[PDB]
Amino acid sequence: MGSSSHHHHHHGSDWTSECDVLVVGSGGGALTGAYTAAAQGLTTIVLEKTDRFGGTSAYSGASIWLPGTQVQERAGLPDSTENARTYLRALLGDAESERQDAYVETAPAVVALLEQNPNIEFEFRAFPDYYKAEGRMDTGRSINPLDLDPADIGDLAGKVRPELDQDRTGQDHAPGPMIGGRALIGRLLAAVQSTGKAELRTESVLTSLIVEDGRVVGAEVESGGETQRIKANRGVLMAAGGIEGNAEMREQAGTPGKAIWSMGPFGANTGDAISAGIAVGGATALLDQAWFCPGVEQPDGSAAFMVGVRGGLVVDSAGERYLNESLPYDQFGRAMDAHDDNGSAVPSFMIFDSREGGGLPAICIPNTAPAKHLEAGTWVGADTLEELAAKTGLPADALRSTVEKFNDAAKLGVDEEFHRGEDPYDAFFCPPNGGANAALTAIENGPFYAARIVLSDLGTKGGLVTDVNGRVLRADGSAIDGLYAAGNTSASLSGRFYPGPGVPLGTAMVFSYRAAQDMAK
């Protein structure tokens, strides 16, 4: 993978083109880094491997954990840079304290620079922080790009990757404005283009970095069945995602879950940039870690992100509850993996009744029709729990017992076994009703359903070791000159934690910004 400049010269090759800043990828991080470089007058090229910008960032809800900024001040939030620092220190400990500090301390500058652009505006949207710890916001402190009329961004609207409910069925944007990740990437692209210093390319693939005397000076890029050599005078920012789509790297690293279960765009994030970085001496960390979530198994073997659980319960292959089904998706996923004994917890079984007329009582992204799950056998239905356990192969006495015990907890209003519905996260998706506890509803109105739940992800979070300025470090702690990484190309400062909504995009955006500031020196 690693190409030596002297070797290229020897073969008779030279630079196709030159820029100051070369950005690989086009999620929130990449485009934030692109904008930061180009807005202060550095010639910038962005390389997107696929025909659509945005990757998983486009799929996202575009909730962003950038605390203590002018956006939260407009909402009057009771929060601060120091309050957010306390929450991270309480969850993560002293491991990566310097990167924790740079994350919360730089959020305000990133947000102010971006909002100065007429294509970008954010607003606070309530979504709770995920753990009980000092500095938690029960309402959350995360911000979101405003809905975007695609007419405002010209030809860029047709180049944004569409939402999951359209993108895995050969479809483009559904009716209405661009929202969530579509609005984030549409606005960032329009900002990057407005600088007049950036080129935005699709179907341009990083293959290898180019090194001269141990310094990264550019990269080899495929585009139009041809090879190009792009020089980067100040540096290369690699924000091209993780290993989530590469089954071989995940099996080698011991990453739980599976490439086919990842909610990454199929084929996009195959660890190309992590590989390219290792090839020039970059150290790696946390490769067995990912941003986990439970997934509803699909007829085609893929998964759907299961979030905002509103009802049902979940059993292992023994027909027993083992977790709080309302847990934030990353803690849910880690509890599946911790409980899994040669396959008792992957798959798990979501059990629910006809309270939502056949629907599974959660948000599934994307949302496959019950009838297609039932025809494929991913879901099974029956008139009794007895017959449901027979069709699923679950122990019938244990499932019946599990459901009667859960139903007693819903009648009483407290789940003494797993404490479901006693957290602001659990309550956020459960509108207070006539029940003693809105997160606990009895499973008793037939027909009954079991859906197979697997260990999905929203990307992996392991990869190249970086400093507080996004510089890729070798095993000895020294910087690889000219090379930066951010987002899921870099090992997350968050370790084994998913602190709150928007940490993936927030960390990606801050370290892409800091990498561009470092290149501008």
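For every residue, the number given is its place in the sequence shown, counted from 1. Here, rigid core means the biggest group of C-alpha atoms that superpose within 1.5 Å across both forms.
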item: Core-aligned Cα RMS comparison in 5 other deposited structures of this protein - stretch that moves more, 423 to 431 or 268 to 276; value: 423 to 431
item: Entry-level comparison of average CA B-factors, 102 to 110 and 339 to 347, reporting the higher stretch; value: 339 to 347
item: Of 432 to 440 and 352 to 360, the one with larger mean CA B-factor; value: 432 to 440
item: Per the PDB entry, maximal CA B factor within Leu188, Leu237, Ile179, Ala95; value: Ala95
item: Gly295, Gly224, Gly245, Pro162, ranked by C-alpha B-factor: the highest one; value: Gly224
item: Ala151 - Cα temperature factor, lowest/middle/highest third of chain; value: highest
item: Position of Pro265 among the chain's modelled residues by C-alpha B-factor, lowest, middle or highest third; value: lowest
item: Ranked against its chain, the third holding the CA B-factor of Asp426; value: lowest
item: Third of the chain, ranked by Cα B-factor, where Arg452 sits; value: lowest
item: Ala398, C-alpha B-factor rank within chain (lowest, middle or highest third); value: highest
